[PDB]
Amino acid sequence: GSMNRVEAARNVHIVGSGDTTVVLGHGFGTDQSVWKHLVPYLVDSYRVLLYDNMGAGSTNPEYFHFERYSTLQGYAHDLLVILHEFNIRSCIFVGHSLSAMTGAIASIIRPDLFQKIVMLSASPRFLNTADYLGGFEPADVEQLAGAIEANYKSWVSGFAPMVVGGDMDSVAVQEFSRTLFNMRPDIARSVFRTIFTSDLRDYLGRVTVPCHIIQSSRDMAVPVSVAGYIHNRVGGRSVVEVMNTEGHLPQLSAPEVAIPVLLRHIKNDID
């Protein structure tokens, strides 16, 4: 029989039912399993579409890293293809980390396909300027970069607790290491470079669909002022909620706080 890796790389899964579809995208170093504490609460009222991105599940029988994955613009394009191929008419897009920005970029092109956007732990740019506080100076970025290919075994066990926060013993920190270990060393490096070189701040003014902007109050990757930045720069209506939590992946590490906030913003329009 013939072969096709585009279904396998995207790894599209659909579950539940309803008039509205909710699409779930994820951030660097993880996969669609990050939404495990969210999905059970959506299925009664919504059809839920999950997908994979940012080099997730590299070590497999058939995973070639395509050239559209060199930039975030290509991921955004690939998202629009997914929406067309499953005939989505209007959708509630929920994006974690930089998949929030890929969703934002796609909504500029086809705002009719998006009812709203829900951003979680999102940032338009990680690196600092004189005027803009991304959260990282060049030293910080290269420090993290340096250890990635020297040993991927030791980098993951040091990086994973740093991003997620709290103690290392938790299942959240272990789950993130597990998904990190599915990636290859070389693919994670090229993806890492794309993350920290990315700058999407100019796009924000073009976004016209409603955005709900959610994050942890102590995120090592995202200063609290970044939620306000996005809020002031988006072109349509928007709202901000800083949760009183720690970590870049609060849906996995603090579900008791994160999940109810996500459900409110998904189910209700901007009141």
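Start at 1 with the first residue shown and count on from there.
Look at the C-alpha B-factors of 52-60 and of 28-36. On average they run higher in 52-60. Of the two stretches examined, 245-253 and 258-266, the record assigns the greater average C-alpha temperature factor to 245-253. The PDB entry gives the largest Cα B-factor of the residues 181, 93, 196, 75 to 181. Ranking 46, 203, 69, 229 by the C-alpha B-factor listed in the PDB entry places 69 at the top.
Residue 103: CA B factor in the lowest third of modelled residues in this chain (values from the PDB entry). Compared with the other modelled residues of the chain, the Cα B-factor recorded for residue 212 ranks in the lowest third. Among the modelled residues of the chain, residue 134 sits in the middle third by CA temperature factor in this PDB entry. Ranked within its chain, residue 127 lands in the middle third, by CA B factor from the PDB record.
Ranked against the other modelled residues of its chain, the C-alpha B-factor of residue 12 as given in the entry falls in the middle third.
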